[PDB]
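Take a look at this one chain, the form deposited in one PDB entry, written out in structure tokens.
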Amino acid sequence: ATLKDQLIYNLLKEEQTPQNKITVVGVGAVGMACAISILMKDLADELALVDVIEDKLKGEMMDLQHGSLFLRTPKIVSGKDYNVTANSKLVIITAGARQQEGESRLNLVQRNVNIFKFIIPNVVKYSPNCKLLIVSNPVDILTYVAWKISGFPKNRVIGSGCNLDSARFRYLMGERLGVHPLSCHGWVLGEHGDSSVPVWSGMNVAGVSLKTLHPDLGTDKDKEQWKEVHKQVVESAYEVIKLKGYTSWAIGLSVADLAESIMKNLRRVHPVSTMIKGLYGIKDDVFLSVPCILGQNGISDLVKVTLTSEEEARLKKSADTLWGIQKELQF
């Protein structure tokens, strides 16, 4: 008899069957920040990692495993084969190609489409009932791509979208007011990053409309230049990329926040990218961030924000530019 059998009497030859499993595909800085954030929030009973770089993948898995004593996620697995991902409730895509020096980031779209053409069918093959959370950029385009390839209904395909943009907005708003971002409310909608739309009518503390207090809010003649808050939502992201080479910690925390609502069926409202055709005169299949109710079935509902004519037109124009690029992608 082995020492294990000397010490331990077994009652059950059990079905190792995962109940609250999450997969992260792509273990770059973003994927691993999502992983550590999910692990430290105790959201999964099993975590699977997938990548194409085999040594890096195994090393990251082992590094996490060596911390198991300090975690409450008892099973961490990895592999290039998607059988390690079977029966995931939630599959997070952070995979992408490396932009080469000098080239334009427009070259990355089709490269990442080709990556998704390999990833997404394998995800579906092993977790046909999962929710897909897309993080890879350009995220609104790639969420549409993931939706198309997966065949999933739109409630189960979620783009991380403007959840991070809105977190940055509330951070910068809190800095100006001396109030924790949790008590500073404001919504950035539409496309992630450059073209996002700040909804000035919704910016408030304790239910007090800042736009009503300060009618110049969000205009160019605002002597306090609150529009700079949204400008810095975009430019601070480019600044972090310039300063440290990439961003990782805030998106990792953002993604774990989305995973928390999904895994725990919270029905909190998050600005994530969803298939928005049938709103705002948008007549094309495109994904844009609006406030969505997130839970165990993905996006079950969304909030219809009342928009100014200018805000609505910006969303329509974003839909047009998304549709224009999408019709030139090769599936």
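Only residues modelled in both forms are compared. Only the largest set of C-alpha atoms that superpose within 1.5 Å between the two forms is called the rigid core. The first residue of the sequence shown is number 1, and the count goes up from there.
Worksheet item: Quick one: higher average CA temperature factor, 228-236 or 86-94?
Response: Mean C-alpha B-factor is greater for 228-236.
Taking the mean of the C-alpha B-factors per stretch from the entry, tell me the winner out of 275-283 and 24-32. Per the PDB entry, the higher value belongs to 275-283.
- Item | Per the PDB entry, maximal CA B factor within 78, 160, 99, 73 | In the PDB entry, the greatest C-alpha B-factor among 78, 160, 99, 73 is found at 99.
*asked:* What third of the chain does residue 293 rank in for C-alpha temperature factor, lowest, middle or highest?
replied: Bottom third by C-alpha B-factor.
Lowest, middle or highest third: which one holds residue 198 when the chain's residues are ordered by CA B-factor from the entry?
Middle third of the chain for residue 198's C-alpha B-factor.
inquiry  = Where does the C-alpha B-factor of residue 219 rank in its chain, lowest, middle or highest third?
reply    = CA B-factor rank for residue 219: highest third.
Exercise for the section: Classify residue 127 as lowest, middle or highest third according to the C-alpha B-factor given in the PDB entry, relative to its own chain. Expected result: Lowest third - that is where residue 127 ends up once the chain's C-alpha B-factors are sorted.
Practice item. Tell me, lowest, middle or highest third: where does the Cα B factor of residue 168 rank within its chain? Key: Its C-alpha B-factor, which the entry lists for residue 168, ranks in the middle third among residues of this chain.
Keep in mind the form deposited in another entry is missing from the figure; the text below concerns it.
Checklist entry - With the two forms superposed on the core, which of 102, 178, 245, 207 shows a CA shift of 2 angstroms or more between the shown form and the other one? => result After core superposition, the one over threshold is 102.
inquiry  = At 2 Å or more of Cα shift, core superposed, where are the runs of at least three residues that differ between the shown form and the other one?
reply    = Moving stretch: 98-107 alone.
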